[PDB]
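Visitor:
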Amino acid sequence: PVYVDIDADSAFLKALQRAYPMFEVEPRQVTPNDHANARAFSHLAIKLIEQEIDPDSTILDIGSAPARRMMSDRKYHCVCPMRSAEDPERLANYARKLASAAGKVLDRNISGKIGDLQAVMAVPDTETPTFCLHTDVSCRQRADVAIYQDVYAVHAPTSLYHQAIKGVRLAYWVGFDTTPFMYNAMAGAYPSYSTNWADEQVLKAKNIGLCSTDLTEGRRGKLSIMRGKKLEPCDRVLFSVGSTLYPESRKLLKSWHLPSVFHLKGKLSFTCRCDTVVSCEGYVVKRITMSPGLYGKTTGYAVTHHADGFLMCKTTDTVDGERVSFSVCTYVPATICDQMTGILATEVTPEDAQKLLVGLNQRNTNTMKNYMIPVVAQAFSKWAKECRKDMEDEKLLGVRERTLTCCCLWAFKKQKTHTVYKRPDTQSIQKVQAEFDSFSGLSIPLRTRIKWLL
Amino acid sequence: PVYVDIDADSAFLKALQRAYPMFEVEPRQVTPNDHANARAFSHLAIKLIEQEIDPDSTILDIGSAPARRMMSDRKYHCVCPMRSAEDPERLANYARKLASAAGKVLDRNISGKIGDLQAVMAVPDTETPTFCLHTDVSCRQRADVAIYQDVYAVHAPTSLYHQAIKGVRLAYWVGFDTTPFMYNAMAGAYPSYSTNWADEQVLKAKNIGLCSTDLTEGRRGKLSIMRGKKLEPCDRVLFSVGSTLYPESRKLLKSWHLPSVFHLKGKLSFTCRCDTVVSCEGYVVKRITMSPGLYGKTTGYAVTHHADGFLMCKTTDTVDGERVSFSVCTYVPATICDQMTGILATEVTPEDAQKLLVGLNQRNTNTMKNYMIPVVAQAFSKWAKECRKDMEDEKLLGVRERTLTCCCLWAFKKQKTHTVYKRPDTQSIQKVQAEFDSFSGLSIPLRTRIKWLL
Amino acid sequence: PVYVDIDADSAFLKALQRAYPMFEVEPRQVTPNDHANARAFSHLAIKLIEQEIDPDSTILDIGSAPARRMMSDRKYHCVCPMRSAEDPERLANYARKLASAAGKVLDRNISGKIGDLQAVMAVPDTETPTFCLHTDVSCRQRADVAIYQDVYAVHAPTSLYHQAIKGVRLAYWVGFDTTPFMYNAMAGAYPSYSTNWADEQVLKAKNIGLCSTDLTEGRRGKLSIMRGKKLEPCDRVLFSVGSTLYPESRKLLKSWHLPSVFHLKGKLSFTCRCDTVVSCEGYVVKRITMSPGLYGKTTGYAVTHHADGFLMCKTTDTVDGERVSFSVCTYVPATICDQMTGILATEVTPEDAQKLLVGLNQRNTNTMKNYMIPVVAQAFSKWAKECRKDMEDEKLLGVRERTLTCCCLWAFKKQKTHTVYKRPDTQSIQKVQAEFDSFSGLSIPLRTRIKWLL
Ligand SMILES: [Zn+2]
Ligand SMILES: [Zn+2]
Ligand SMILES: [Zn+2]
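Protein chains in written order, with the authors' numbering: chain V, 3 to 365, 375 to 450, 458 to 472; chain X, 3 to 365, 375 to 450, 458 to 472; chain A, 3 to 365, 375 to 450, 458 to 472.
(1) Does the distance from the C-beta atom of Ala155 of chain A to that of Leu296 of chain A stay below 8 Å?
(2) Around the Cβ of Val32 of chain A, are there at least 16 other Cβ atoms within 10 angstroms (buried) or fewer (exposed)?
(3) May I ask you to check if the CB of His136 of chain A is nearer than 7 Å to at least one heavy atom of ligand 3?
(4) Closer than 8 Å is the cut-off here; do at least three beta carbon pairs connect the region 207 to 220 of chain A with the region 267 to 275 of chain X?
(5) By how many angstroms is the C-alpha of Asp118 of chain A removed from the C-alpha of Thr181 of chain X?
(6) Over what stretch of residues does the alpha helix (DSSP H) that includes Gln389 of chain X continue unbroken?
(7) Which one of V:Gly302, V:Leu15 and V:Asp63 has the shortest CA to CA distance from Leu46 of chain V?
(8) Count the other C-beta atoms from every protein chain shown that fall within 10 angstroms of the C-beta of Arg92 of chain V, then say buried if there are 16 or more, exposed otherwise.
(9) Tell me whether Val156 of chain X, by its Cβ, gets closer than 7 Å to a heavy atom of ligand 4.
(10) With a threshold of 16 other CB atoms inside 10 Å of the CB of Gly311 of chain A, please say whether the residue is buried or exposed.
(11) Quick check: does the Cβ of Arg238 of chain A come within less than 7 Å of any heavy atom belonging to ligand 2?
(12) Would you mind telling me which residues of chain A sit closer than 7 Å to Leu18 of chain X, beta carbon to beta carbon, in chain order?
(13) Strictly under 8 Å for the Cβ-Cβ distance: is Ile64 of chain A near chain X by that measure?
(14) Taking only heavy atoms of ligand 2 into account, decide whether any of them is closer than 7 Å to the Cβ of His259 of chain A.
(15) Heavy atom of ligand 2 less than 7 Å from the Cβ of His79 of chain X, yes or no?
(16) How should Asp340 of chain X be labelled, buried or exposed, when 16 other C-beta atoms within 10 angstroms of its C-beta is the threshold for buried?
(17) Excluding five sequence neighbours on each side, which residues of the same chain lie with their C-beta closer than 6 Å to the C-beta of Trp394 of chain V?
(18) Counting beta carbon pairs with one atom in the region 291 to 307 of chain X and one in the region 238 to 247 of chain A, are three or more of them shorter than 8 Å?
(19) Let me know if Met73 of chain X comes out buried or exposed under the rule of 16 or more other beta-carbons within 10 Å of its beta-carbon.
(20) With DSSP as the reference, please indicate the residues paired to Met24 of chain A in a beta bridge.
(21) Whole-angstrom Cβ separation of residue 370 of chain V and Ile290 of chain V, contact assumed at under 8 Å?
(22) Under a CB-based cut-off of 8 Å, is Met24 of chain A close to chain X?
(23) Let me check you understand the geometry: is the CB of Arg142 of chain V closer than 7 Å to at least one non-hydrogen atom of ligand 1?
(24) Assess, as a yes-or-no matter, whether the region 276 to 292 of chain A is touched by the region 404 to 413 of chain A under the definition of 3 or more beta carbon pairs within less than 8 Å.
(25) Determine the closest residue to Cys213 of chain A out of X:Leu464, X:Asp322 and X:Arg434, with distance taken between C-alpha atoms.
(26) For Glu28 of chain A, which residues in the same chain have their Cβ closer than 6 Å to its Cβ, ignoring the five residues on either side in sequence?
(27) Using CA coordinates, which residue listed in V:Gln426, V:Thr317 and V:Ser161 is at the minimum distance from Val321 of chain X?
(28) Can you give me the start and stop residues for the beta strand (DSSP E) that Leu266 of chain A sits inside?
(29) Would you list, in sequence order, the uninterrupted alpha helix (DSSP H) runs of no fewer than 4 residues that lie entirely inside the region 100 to 141 of chain A?
(30) Kindly list, in the order they appear in chain V, the residues whose Cβ is closer than 7 Å to that of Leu217 of chain A.
(31) To be precise: take each residue of the region 314 to 335 of chain X, compare its Cβ to all Cβ atoms of chain A, and keep it if any distance is under 9 Å. Which residues remain?
(32) Rounded to whole angstroms, what's the CA-CA distance from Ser66 of chain X to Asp127 of chain X? Just pull it up for me.
(33) Taking a contact to mean a Cβ-Cβ separation below 8 Å, would you say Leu460 of chain X touches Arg98 of chain X in this structure?
(34) Any chance the CB of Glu129 of chain A is under 7 Å from a heavy atom of ligand 3?
(35) Chain V partners of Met184 of chain X, CB-CB under 7 Å?
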């Protein structure tokens with residue numbers, strides 16, 4: 003069995019048992035994490051990856067803590083770029099966890115890993131079998147499995163190519179579903195994992211998941227130096243997994259939304275596939291295989307299967323007091339989606355839809380988080396309405412009705428789409444890019467401390 | 003017994019037991035595939051084919067992975083054209099799966115298949131008894147059974163003739179029902195297999211199965227370089243089986259909708275039959291028999307028996323913002339169809355029809380997927396209405412009412428058919444073509467790696 | 003007991019036990035065949051014929067596969083004209099089934115049948131005791147029983163005379179009821195066997211059993227080269243038994259609707275009887291007796307006893323978009339017929355009649380297939396109406412009311428009959444013709467195959 007640190011009466015345990023049928027998932031709650039689900043998923047994700055891959059294979063852990071990786075029989079070789087403030091504490095914790103294992107293991111190469119840390123604290127740029135201080139672009143070790151566990155700040159094709167040229171033929175990416183960022187939403191939620199993310203421009207909104215505003219009477223309106231008149235989603239996004247905050251860029255998030263087939267054509271050439279192997283309510287495990295030489299052709303399309311509904315709607319909020327409208331995305335449980343089918347046959351108001359959603363939810376054992384019921388309600392009310400206007404404005408079969416621009420071009424009226432509702436068992440198809448061909459860090463007071471611990 | 007990787011409480015298990023009464027189907031879920039049904043069908047399809055065919059026969063596998071085929075007592079000879087990015091990984095996986103079997107089998111010719119891969123990585127163009135790197139038109143092996151398991155990108159008559167000239171007298175094609183492509187629909191669904199397909203022109207539709215659109219206010223309408231005024235189904239189609247995406251061409255799909263009898267008359271002559279041996283909710287197993295010399299005659303008709311209802315309707319969507327109408331097809335469960343019979347005796351609105359369909363579905376144990384209930388509802392409402400207009404516009408028995416074109420020709424008013432509903436136990440009859448008479459790939463870094471694995 | 007390949011909970015098993023009281027009918031489903039009923043009838047029909055006929059008799063099998071006939075103790079002599087594409091595969095299958103029986107039988111003349119195929123592939127025109135490559139007109143064997151199992155493409159009097167001059171005194175014809183073709187219907191259904199047939203002119207109808215149409219907006223009406231103005235039933239008809247398609251001609255179908263007595267008087271003379279020995283819901287077994295010399299006289303009448311109701315109505319459809327009306331026939335279960343008796347005492351609308359039929363059917376255990384419920388409903392509503400107009404227009408007893416054509420002839424108004432309803436336990440009486448007096459195929463590449471298999 004596999005023990006997950008979630009409450010025994012948790013409703014996420016069934017979702018987590020479906021996503022992992024090959025395991026016996028048992029709750030062993032030992033810590034009141036506010037993002038316990040996001041970790042109960044990744045623990046099982048590594049448990050599954052370690053079964054799929056060959057035991058005699060060497061694994062590379064990009065941006066991962068070496069502390070969690072030991073006590074495992076797999077030949078891990080963690081690569082620690084030390085790009086953030088957690089890596090020095092991660093290395094301190096690794097050195098400290100090795101000390102309590104000097105003799106009480108004699109099964110997990112502890113006596114080799116102590117030597118491996120002291121030998122890399124002797125020479126920093128060195129390449130040891132199970133530890134190094136390089137970036138994933140800088141490491142010189144040769145393996146055949148790579149694992150990107152919660153690694154979003156990396157450009158996908160560049161890093162994948164740099165792993166492939168080192169002999170990596172299999173790669174696993176455990177992370178959040180990058181689909182809300184291909185639809186290019188402003189703010190969004192992963193409610194089953196207590197995760198909220200927002201574009202920095204709307205961090206002062208009133209009521210979205212990740213926001214914080216102030217009280218006011220609305221009588222100033224004079225402090226605009228330069229007009230915006232344009233509130234598109236910029237590049238910087240902030241994620242809050244429970245209470246843990248991470249900054250990301252939309253570019254490096256969208257880069258991991260890889261197509262089914264792509265080509266990495268640098269000094270060497272590889273043809274690569276990307277398969278979503280696990281998917282639970284917004285948290286995915288993707289499998290990339292890379293093989294030498296160009297084979298086949300690439301369509302440049304990426305598919306997302308929706309097991310649970312996916313909404314993206316236009317919501318009206320007040321960012322920093324100013325009433326704007328932007329796009330918010332969320333995941334709705336497939337049960338709620340299936341039970342709204344009959345009501346969305348007509349035009350329902352957001353009040354009626356919210357009362358019906360609260361009924362379906364409470365029927375204290377909630378199916379979906381309630382902070383998303385208002386917006387979802389509004390989303391449904393818009394969708395059901397835009398479905399009636401499609402029915403009243405029936406066109407002719409196979410014809411269009413373009414209008415001349417009066418010089419040489421044609422014009423067609425665009426309709427206003429306020430909601431994109433991807434029901435369960437539908438798919439999203441996004442045109443992405445394939446055919447990619449365009450591919458220190460530690461102090462002395464720390465280097466003295468990491469080997470003093472051993 | 004035969005073990006299928008679907009969960010024990012699945013409702014597809016009963017449908018899968020009906021399609022295979024000669025087996026006892028046991029659920030053995032070990033993986034949360036989002037297209038587990040489409041594979042639980044094909045596993046049993048190969049189990050059935052291997053019983054029907056003679057054990058002393060040689061089998062050819064067009065476009066199939068050699069990995070899955072071993073551990074079978076049948077004399078397989080897989081032909082691997084390496085036409086896509088999966089065949090290199092398929093060969094890597096085959097070479098890796100052979101290594102774990104060097105000695106632990108001594109029953110499935112593992113020690114012969116290792117040498118058989120070594121002999122083809124020594125000479126590429128060689129023809130070995132159980133493996134080759136050719137296409138189906140290029141392979142030179144002589145067998146008597148061919149199997150096309152999920153092989154849609156091949157022209158049926160050409161490939162079948164090239165198998166027949168090599169002594170193949172029996173062929174099996176396991177695939178999706180090619181009937182939605184003879185009615186020439188724009189988009190469609192196989193909802194029991196979580197499969198959606200769409201013509202590339204409508205991949206930016208709002209709400210069909212395989213689509214993805216954006217939010218907008220509909221106030222630009224100026225970017226048409228050249229008018230379309232014509233939205234007929236073009237040749238390129240994209241399939242999403244769960245989350246696995248494949249591109250297909252309507253020509254090569256319609257190619258496999260073979261008639262009951264046809265003739266392959268090239269340098270040699272064969273008379274051939276095509277029998278649908280298995281069909282489950284949109285997934286068929288066809289049996290082609292080929293015999294030397296022309297016998298009988300061909301009427302050129304292809305029949306599809308509908309066990310579950312088949313709808314094709316005109317839906318109004320907004321592709322990339324533009325409100326168009328195109329044809330969508332889907333499969334409706336025979337129970338839903340039978341329970342809709344009484345309501346379709348009059349004119350029902352799509353709202354009433356959708357509420358009634360939701361009632362019949364929920365009566375949490377859904378009979379049909381709900382994302383298809385709206386369109387189906389609309390379809391029914393149109394059909395029930397076009398059935399009343401046939402009754403109000405009663406004609407005379409055996410006469411027509413053509414009108415002179417005023418020169419020498421006659422004119423008859425055509426009526427608008429918005430829905431084609433093929434109820435359970437009806438049949439589709441399509442005029443197709445019979446009488447056919449008009450019939458490398460591997461790199462060095464991979465050929466080095468395949469034999470290093472063994 | 004006799005084992006039929008139908009599901010254990012099938013509702014056709016009761017009807018099949020009534021049609022064969024002398025047998026123990028046991029369901030042994032081993033194949034998901036879409037026309038399992040049509041074969042569960044014929045298997046029992048041959049079981050019955052083999053009991054009725056004398057064991058020391060020689061049997062002739064017209065157009066039958068020799069493969070199914072062996073393993074039977076009866077002295078069969080199959081005649082294989084090789085008129086279609088199934089006979090070459092039938093012979094391949096026979097040669098293959100003999101090979102698996104060379105030694106494991108020593109009870110069914112396997113060692114004699116192998117030599118009998120080798121002797122006929124040595125000389126083609128030869129006449130061997132249990133196999134020949136002739137037609138039924140060309141075979142020179144002398145027997146005393148003939149069996150026509152699903153043989154519709156043969157002219158009945160000519161074939162029967164050619165069998166009689168060879169000493170055949172008993173003949174059996176297992177087939178579909180040829181009564182819908184004596185009423186000369188355009189399309190029709192045998193719904194208990196999943197069989198639909200249509201005249202080729204209406205294969206593009208919208209909603210009948212065997213058809214397939216397209217979507218359209220009805221705005222072309224310009225492509226008629228020559229007017230029809232006349233939609234009578236032509237000679238070519240297509241049958242779909244489940245999904246198996248056969249073409250037949252109305253002439254050779256009506257040929258087997260033989261009268262109770264007829265005379266075959268050519269170079270020799272025979273007086274012949276035709277009795278329907280078995281009848282199940284549209285599938286009959288007819289027994290023809292032929293004796294030398296002319297005896298008695300012939301009324302030239304053929305009778306059909308209706309155990310289940312038989313409808314033929316005028317339905318309005320749209321063939322290829324053009325709204326026409328033609329005649330469709332179907333079989334209604336005697337229970338549905340009996341339970342509609344009280345409603346048809348007045349004028350019921352097709353909507354009310356369809357809701358009532360759906361009530362009686364569902365009262375998921377359907378009595379009749381639902382795709383025939385609308386048309387049947389309409390049929391009933393017409394019949395019940397034409398029965399009221401007979402009652403309101405009461406004539407005088409034994410008189411007519413002809414009107415002079417003003418020259419020398421008389422005229423009577425003909426009434427419009429839109430429905431012919433033959434209730435259960437009624438009979439149809441048709442004036443047919445009696446007194447009849449107007450009465458290679460294999461290549462080398464196959465003849466090399468057939469004895470190579472043995
Ligand atoms: Zn390293
Ligand atoms: Zn080969
Ligand atoms: Zn003969």
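Just so it is clear, CB atoms sit at the ideal spot from N, CA and C, and this is done for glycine as well.
Guide: From the atom records:
(1) Not in contact: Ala155 of chain A and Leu296 of chain A (Cβ atoms no closer than 8 Å).
(2) The Cβ neighbour count for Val32 of chain A, taken over all protein chains shown within 10 Å, is under 16; the residue is labelled exposed.
(3) For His136 of chain A, the distance from the CB to the nearest heavy atom of ligand 3 is below 7 Å.
(4) By the criterion of at least three beta-carbon pairs nearer than 8 Å, the region 207 to 220 of chain A is not in contact with the region 267 to 275 of chain X.
(5) The alpha-carbon atoms of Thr181 of chain X and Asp118 of chain A are separated by roughly 44 Å.
(6) Where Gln389 of chain X is concerned, the enclosing alpha helix (DSSP H) stretches over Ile384 to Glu403.
(7) Out of V:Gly302, V:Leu15 and V:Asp63, V:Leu15 has the C-alpha closest to the C-alpha of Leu46 of chain V.
(8) With a 10 Å radius around the Cβ and a threshold of 16 neighbouring Cβ atoms, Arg92 of chain V comes out buried.
(9) As far as ligands go, the structure on display features ligand 1, ligand 2 and ligand 3 and does not contain ligand 4.
(10) Classified as buried, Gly311 of chain A has 16 or more neighbouring CB atoms from the shown chains inside 10 Å of its CB.
(11) Not one heavy atom of ligand 2 falls within 7 Å of the beta-carbon of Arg238 of chain A.
(12) Near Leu18 of chain X there are no residues of chain A at all, since even the closest Cβ is about 11 Å away, more than 7 Å.
(13) So, not an interface residue.
(14) Result no, Cβ not under 7 Å from ligand 2.
(15) Indeed, a heavy atom of ligand 2 lies less than 7 Å from the Cβ.
(16) The Cβ neighbour count for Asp340 of chain X, taken over all protein chains shown within 10 Å, is at least 16; the residue is labelled buried.
(17) Spatial neighbours of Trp394 of chain V in its own chain (CB-CB distance under 6 Å, excluding positions within 5 residues in sequence) are listed in chain order as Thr430 and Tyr432.
(18) Under the 8 Å Cβ criterion, the region 238 to 247 of chain A counts as touching the region 291 to 307 of chain X, having at least three qualifying pairs.
(19) With fewer than 16 other beta carbons inside 10 angstroms of its own, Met73 of chain X counts as exposed.
(20) Its beta-bridge partners do not exist; DSSP assigns none.
(21) Since chain V is numbered 365 and then 375, with no step between, residue 370 of chain V has no place in the structure shown.
(22) Contacts with chain X at 8 Å (Cβ-Cβ) do not include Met24 of chain A.
(23) With a cutoff of 7 Å, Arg142 of chain V counts as near ligand 1, since its C-beta is closer than that to a heavy atom of the ligand.
(24) With a cut-off of 8 Å, the region 276 to 292 of chain A and the region 404 to 413 of chain A do not count as touching, because too few Cβ pairs lie within range.
(25) When C-alpha distances from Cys213 of chain A are compared across X:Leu464, X:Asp322 and X:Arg434, the shortest belongs to X:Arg434.
(26) Same-chain partners within the cutoff: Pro3 and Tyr5.
(27) Checking every option, the nearest Cα to that of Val321 of chain X belongs to V:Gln426.
(28) Per DSSP, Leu266 of chain A belongs to the beta strand (DSSP E) from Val263 to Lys267.
(29) Uninterrupted alpha helix (DSSP H) stretches at least 4 residues long and entirely within the region 100 to 141 of chain A occur at 112 to 124, given in chain order.
(30) The contact set of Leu217 of chain A on chain V, defined by CB atoms closer than 7 Å, consists of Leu408 in chain order.
(31) Under the 9 Å Cβ criterion, the region 314 to 335 of chain X contributes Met314, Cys315, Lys316 and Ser329.
(32) Approximately 18 Å, taken between the alpha carbons.
(33) No, these two residues do not count as a Cβ contact at 8 Å.
(34) Yes - ligand 3 has a heavy atom lying nearer than 7 Å to the Cβ of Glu129 of chain A.
(35) Ordered by position in chain V, no residue passes the 7 Å Cβ test against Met184 of chain X, which lies about 17 Å from the chain.
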